[PDB]
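Structure file data_18.cif; described as mmCIF, C-alpha atoms (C1' of nucleotides).
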```
data_input
#
loop_
_atom_site.group_PDB
_atom_site.id
_atom_site.type_symbol
_atom_site.label_atom_id
_atom_site.label_comp_id
_atom_site.auth_asym_id
_atom_site.auth_seq_id
_atom_site.Cartn_x
_atom_site.Cartn_y
_atom_site.Cartn_z
ATOM 1 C CA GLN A 1 -64.709 1.584 77.474
ATOM 2 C CA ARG A 2 -66.289 2.059 80.908
ATOM 3 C CA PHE A 3 -63.458 -0.027 82.359
ATOM 4 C CA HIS A 4 -61.004 2.153 80.427
ATOM 5 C CA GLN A 5 -62.694 5.161 82.090
ATOM 6 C CA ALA A 6 -61.976 3.904 85.622
ATOM 7 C CA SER A 7 -59.359 4.989 88.163
ATOM 8 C CA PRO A 8 -57.408 2.766 90.566
ATOM 9 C CA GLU A 9 -59.412 4.392 93.368
ATOM 10 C CA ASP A 10 -62.617 3.787 91.400
ATOM 11 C CA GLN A 11 -61.391 0.231 90.805
ATOM 12 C CA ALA A 12 -60.879 -0.242 94.552
ATOM 13 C CA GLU A 13 -64.336 1.187 95.278
ATOM 14 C CA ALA A 14 -65.883 -1.190 92.732
ATOM 15 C CA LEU A 15 -63.968 -4.031 94.386
ATOM 16 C CA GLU A 16 -65.388 -3.018 97.771
ATOM 17 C CA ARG A 17 -68.917 -2.933 96.338
ATOM 18 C CA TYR A 18 -68.408 -6.393 94.831
ATOM 19 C CA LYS A 19 -67.099 -7.766 98.133
ATOM 20 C CA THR A 20 -70.114 -6.275 99.918
ATOM 21 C CA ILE A 21 -72.617 -7.750 97.459
ATOM 22 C CA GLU A 22 -70.949 -11.163 97.023
ATOM 23 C CA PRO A 23 -72.475 -12.788 100.159
ATOM 24 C CA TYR A 24 -75.898 -11.637 98.920
ATOM 25 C CA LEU A 25 -75.301 -13.455 95.603
ATOM 26 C CA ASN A 26 -74.646 -16.901 97.122
ATOM 27 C CA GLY A 27 -77.605 -17.439 99.459
ATOM 28 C CA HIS A 28 -75.446 -16.865 102.564
ATOM 29 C CA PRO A 29 -75.956 -13.243 103.622
ATOM 30 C CA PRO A 30 -73.889 -12.095 106.609
ATOM 31 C CA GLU A 31 -75.432 -11.405 110.000
ATOM 32 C CA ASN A 32 -73.170 -8.352 110.557
ATOM 33 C CA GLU A 33 -73.529 -5.796 107.744
ATOM 34 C CA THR A 34 -72.722 -2.142 108.422
ATOM 35 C CA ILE A 35 -73.699 -0.925 104.934
ATOM 36 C CA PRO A 36 -77.449 -0.144 104.884
ATOM 37 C CA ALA A 37 -79.933 -2.192 102.901
ATOM 38 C CA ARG A 38 -80.781 0.440 100.272
ATOM 39 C CA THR A 39 -77.215 0.686 98.957
ATOM 40 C CA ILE A 40 -76.869 -3.109 98.862
ATOM 41 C CA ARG A 41 -80.137 -3.332 96.933
ATOM 42 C CA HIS A 42 -79.043 -0.646 94.463
ATOM 43 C CA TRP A 43 -75.701 -2.374 93.890
ATOM 44 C CA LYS A 44 -77.434 -5.724 93.342
ATOM 45 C CA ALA A 45 -79.964 -4.172 90.957
ATOM 46 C CA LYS A 46 -77.214 -2.529 88.910
ATOM 47 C CA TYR A 47 -75.267 -5.810 88.943
ATOM 48 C CA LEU A 48 -78.274 -7.560 87.408
ATOM 49 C CA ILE A 49 -78.892 -4.689 84.970
ATOM 50 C CA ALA A 50 -75.306 -4.883 83.713
ATOM 51 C CA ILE A 51 -75.291 -8.685 83.488
ATOM 52 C CA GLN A 52 -78.508 -8.374 81.467
ATOM 53 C CA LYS A 53 -77.886 -5.541 78.989
ATOM 54 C CA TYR A 54 -74.062 -5.429 78.907
ATOM 55 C CA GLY A 55 -72.673 -8.964 79.186
ATOM 56 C CA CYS A 56 -70.755 -8.720 82.459
ATOM 57 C CA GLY A 57 -72.145 -7.316 85.685
ATOM 58 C CA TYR A 58 -68.988 -6.047 87.387
ATOM 59 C CA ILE A 59 -68.914 -3.235 84.814
ATOM 60 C CA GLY A 60 -72.147 -1.961 86.366
ATOM 61 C CA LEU A 61 -70.280 -1.098 89.583
ATOM 62 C CA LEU A 62 -68.014 1.613 88.128
ATOM 63 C CA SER A 63 -68.099 5.079 89.701
ATOM 64 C CA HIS A 64 -66.047 7.217 87.262
ATOM 65 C CA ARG A 65 -65.444 10.158 89.585
ATOM 66 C CA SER A 66 -63.500 12.052 86.903
ATOM 67 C CA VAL A 67 -66.635 13.455 85.248
ATOM 68 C CA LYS A 68 -67.739 15.142 88.483
ATOM 69 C CA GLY A 69 -66.688 18.750 88.982
ATOM 70 C "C1'" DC B 1 -103.199 -9.488 107.894
ATOM 71 C "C1'" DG B 2 -98.543 -9.434 109.067
ATOM 72 C "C1'" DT B 3 -93.870 -9.798 107.502
ATOM 73 C "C1'" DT B 4 -89.920 -9.409 104.025
ATOM 74 C "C1'" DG B 5 -87.497 -8.206 100.178
ATOM 75 C "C1'" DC B 6 -87.363 -4.794 96.284
ATOM 76 C "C1'" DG B 7 -87.563 -0.484 94.015
ATOM 77 C "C1'" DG B 8 -88.727 4.888 93.234
ATOM 78 C "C1'" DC B 9 -87.704 9.764 95.362
ATOM 79 C "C1'" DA B 10 -85.310 13.177 97.070
ATOM 80 C "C1'" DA B 11 -82.263 15.228 100.293
ATOM 81 C "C1'" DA B 12 -77.234 14.114 101.825
ATOM 82 C "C1'" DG B 13 -72.678 12.776 101.085
ATOM 83 C "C1'" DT B 14 -68.463 12.770 98.456
ATOM 84 C "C1'" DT B 15 -65.090 14.504 94.556
ATOM 85 C "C1'" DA B 16 -63.810 17.883 91.506
ATOM 86 C "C1'" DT B 17 -62.874 22.677 89.516
ATOM 87 C "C1'" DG B 18 -62.272 27.366 88.905
ATOM 88 C "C1'" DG B 19 -62.320 31.774 92.040
ATOM 89 C "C1'" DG B 20 -60.527 35.007 96.264
ATOM 90 C "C1'" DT B 21 -57.480 36.254 100.170
ATOM 91 C "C1'" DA B 22 -53.792 36.569 103.697
ATOM 92 C "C1'" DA B 23 -49.208 34.379 104.567
ATOM 93 C "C1'" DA B 24 -45.293 31.440 104.200
ATOM 94 C "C1'" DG B 25 -41.652 31.016 100.990
ATOM 95 C "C1'" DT B 26 -38.131 32.541 97.063
ATOM 96 C "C1'" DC B 27 -34.623 34.643 95.344
ATOM 97 C "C1'" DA B 28 -31.364 38.808 93.468
ATOM 98 C "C1'" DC B 29 -29.077 43.331 95.012
ATOM 99 C "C1'" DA B 30 -24.513 42.437 96.004
ATOM 100 C "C1'" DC B 31 -18.892 45.799 89.056
ATOM 101 C "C1'" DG B 32 -19.791 43.121 85.059
ATOM 102 C "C1'" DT B 33 -21.749 39.674 79.544
ATOM 103 C "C1'" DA B 34 -20.823 40.098 74.940
ATOM 104 C "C1'" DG B 35 -16.416 38.637 72.761
ATOM 105 C "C1'" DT B 36 -13.119 36.051 69.276
ATOM 106 C "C1'" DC B 37 -11.093 32.998 65.678
ATOM 107 C "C1'" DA B 38 -12.306 30.424 61.291
ATOM 108 C "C1'" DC B 39 -14.173 30.549 56.942
ATOM 109 C "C1'" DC B 40 -13.941 31.033 51.422
ATOM 110 C "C1'" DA B 41 -15.437 34.086 47.420
ATOM 111 C "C1'" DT B 42 -14.729 38.459 44.813
ATOM 112 C "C1'" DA B 43 -12.330 43.074 43.506
ATOM 113 C "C1'" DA B 44 -7.983 44.898 42.595
ATOM 114 C "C1'" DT B 45 -3.736 46.004 41.759
ATOM 115 C "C1'" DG B 46 1.073 45.304 40.479
ATOM 116 C "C1'" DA B 47 4.160 42.427 38.443
ATOM 117 C "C1'" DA B 48 5.306 38.659 34.778
ATOM 118 C "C1'" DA B 49 4.726 37.924 30.454
ATOM 119 C "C1'" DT B 50 2.910 37.786 25.995
ATOM 120 C "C1'" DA B 51 2.652 36.954 20.956
ATOM 121 C "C1'" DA B 52 2.910 39.387 17.666
ATOM 122 C "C1'" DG B 53 4.946 43.311 15.558
ATOM 123 C "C1'" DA B 54 8.944 46.434 13.958
ATOM 124 C "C1'" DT B 55 13.130 47.356 12.263
ATOM 125 C "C1'" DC B 56 18.231 46.149 10.819
ATOM 126 C "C1'" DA B 57 21.288 43.724 8.106
ATOM 127 C "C1'" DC B 58 22.522 40.727 4.334
ATOM 128 C "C1'" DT B 59 21.809 38.005 -0.358
ATOM 129 C "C1'" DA B 60 20.242 37.340 -4.606
ATOM 130 C "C1'" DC B 61 17.473 38.551 -9.026
ATOM 131 C "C1'" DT B 62 16.063 41.268 -12.638
ATOM 132 C "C1'" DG B 63 14.282 45.889 -15.225
ATOM 133 C "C1'" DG B 64 16.536 49.018 -17.900
ATOM 134 C "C1'" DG B 65 18.447 54.519 -19.671
ATOM 135 C "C1'" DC B 66 22.113 58.375 -20.469
ATOM 136 C "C1'" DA B 67 26.175 60.810 -22.414
ATOM 137 C "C1'" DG B 68 27.685 60.476 -26.761
ATOM 138 C "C1'" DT B 69 28.085 59.209 -32.025
ATOM 139 C "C1'" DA B 70 26.668 59.607 -36.881
ATOM 140 C "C1'" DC B 71 24.579 60.465 -41.568
ATOM 141 C "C1'" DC B 72 21.606 62.617 -45.205
ATOM 142 C "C1'" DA B 73 20.233 65.835 -47.122
ATOM 143 C "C1'" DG B 74 16.832 70.736 -47.289
ATOM 144 C "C1'" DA B 75 17.098 75.496 -46.852
ATOM 145 C "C1'" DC B 76 18.419 80.266 -45.756
ATOM 146 C "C1'" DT B 77 22.353 83.598 -46.093
ATOM 147 C "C1'" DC B 78 25.946 85.849 -48.425
ATOM 148 C "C1'" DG B 79 31.267 86.491 -50.559
ATOM 149 C "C1'" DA B 80 32.484 87.230 -54.983
ATOM 150 C "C1'" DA B 81 31.665 88.292 -59.284
ATOM 151 C "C1'" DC B 82 28.593 89.576 -63.912
ATOM 152 C "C1'" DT B 83 26.081 92.627 -66.308
ATOM 153 C "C1'" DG B 84 22.722 96.397 -67.723
ATOM 154 C "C1'" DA B 85 20.800 101.511 -67.147
ATOM 155 C "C1'" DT B 86 22.336 106.006 -66.435
ATOM 156 C "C1'" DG B 87 23.636 111.191 -65.506
#
```

Before anything else, please render the file you have as structure tokens.
Amino acid sequence: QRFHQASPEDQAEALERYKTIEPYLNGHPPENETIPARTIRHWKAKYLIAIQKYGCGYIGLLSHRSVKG
DNA sequence: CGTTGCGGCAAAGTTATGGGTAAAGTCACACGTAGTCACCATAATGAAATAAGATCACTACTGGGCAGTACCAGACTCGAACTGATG
């Protein structure tokens, strides 16, 4: 249902978060990372939280901007 | 002890949504929208006609009475005559 709540822009943002975190999930972190460490750590923590209590961790990277306003 | 990664906290950053205000657009005023067959049931006469009714004319059948005739007496009336009392 969270996936059904996502937008193509939210999908692209989740894709960007996944591409940012993916080097940190393989033991080969990049030496040139513009995104600060706190956001990377939060994304990784939510990845693990989703893969623990949901079943798949990508679903923990969904923004769902539509509720805001 | 120092370093490194991780996580909480609270501004800060980004979208979104319902308000206000000047300013670029937008569009009608230019004589004009109402207007016209098609439609089939009901009243409604006026004519067409009725189906029975009304009367004429003829044919046949069957009740049935009127002007006139006729007899057998009974009964009242009266010519004609008889006969007795009388002044």

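Residues of chain B having any atom within 7 Å of chain A, counting all atoms listed in the file, are residues 15, 16 and 17 of chain B.
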
Only C-alpha atoms (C1' of nucleotides), please: the residues just picked out, written as a PDB file, in the coordinates of the input.
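Contents of out.pdb, as written:
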```pdb
ATOM      1  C1'  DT B  15     -65.090  14.504  94.556  1.00  0.00           C
ATOM      2  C1'  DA B  16     -63.810  17.883  91.506  1.00  0.00           C
ATOM      3  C1'  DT B  17     -62.874  22.677  89.516  1.00  0.00           C
TER       4       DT B  17
END
```

Given the file shown, determine the residues that the PyMOL selection byres ((chain A and resi 4-10) around 9) selects; report them as a PDB file with C-alpha atoms, keeping the file's coordinate frame.
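This is the output file part09.pdb:
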```pdb
ATOM      1  CA  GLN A   1     -64.709   1.584  77.474  1.00  0.00           C
ATOM      2  CA  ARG A   2     -66.289   2.059  80.908  1.00  0.00           C
ATOM      3  CA  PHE A   3     -63.458  -0.027  82.359  1.00  0.00           C
ATOM      4  CA  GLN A  11     -61.391   0.231  90.805  1.00  0.00           C
ATOM      5  CA  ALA A  12     -60.879  -0.242  94.552  1.00  0.00           C
ATOM      6  CA  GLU A  13     -64.336   1.187  95.278  1.00  0.00           C
ATOM      7  CA  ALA A  14     -65.883  -1.190  92.732  1.00  0.00           C
ATOM      8  CA  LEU A  15     -63.968  -4.031  94.386  1.00  0.00           C
ATOM      9  CA  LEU A  62     -68.014   1.613  88.128  1.00  0.00           C
ATOM     10  CA  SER A  63     -68.099   5.079  89.701  1.00  0.00           C
ATOM     11  CA  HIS A  64     -66.047   7.217  87.262  1.00  0.00           C
ATOM     12  CA  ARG A  65     -65.444  10.158  89.585  1.00  0.00           C
ATOM     13  CA  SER A  66     -63.500  12.052  86.903  1.00  0.00           C
TER      14      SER A  66
END
```

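Restricting the calculation to only C-alpha atoms, the smallest distance between residue 61 in chain A and any of A:30, A:48, A:43, A:25 is found for A:43.
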
**OP:** Provide the CA of residue 35 in chain A to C1' of residue 3 in chain B distance in Å, to one decimal place.
**Re:**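 If I compute the distance from CA of residue 35 in chain A to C1' of residue 3 in chain B, I get 22.2 Å.
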
Original post:
Expressed in Å to a single decimal, how great is the separation between CA of residue 53 in chain A and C1' of residue 14 in chain B?
Top reply: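 Pair CA of residue 53 in chain A / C1' of residue 14 in chain B returns 28.3 Å.
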
Original post:
If you measure from CA of residue 29 in chain A to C1' of residue 7 in chain B, what distance in Å do you get, rounded to one decimal?
Top reply: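 It comes out at 19.7 Å.
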
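Against this structure, the PyMOL selection byres ((chain A and resi 21) around 10) ends up with residues 15, 16, 17, 18, 19, 20, 22, 23, 24, 25, 26, 29, 39, 40, 41, 43, 44 and 47 of chain A.
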
Original post:
Using all atoms listed in the file, which residue out of A:37, A:60, A:54, A:32 lies closest to residue 6 in chain B?
Top reply: A:37

How big is the axis-aligned box around all listed atoms of range 39-50 of chain A once 6 Å goes on each side, and where's its centre, in Å to one decimal, as JSON?
```
{"center_x": -77.7, "center_y": -3.4, "center_z": 91.3, "size_x": 16.9, "size_y": 20.2, "size_z": 27.2}
```
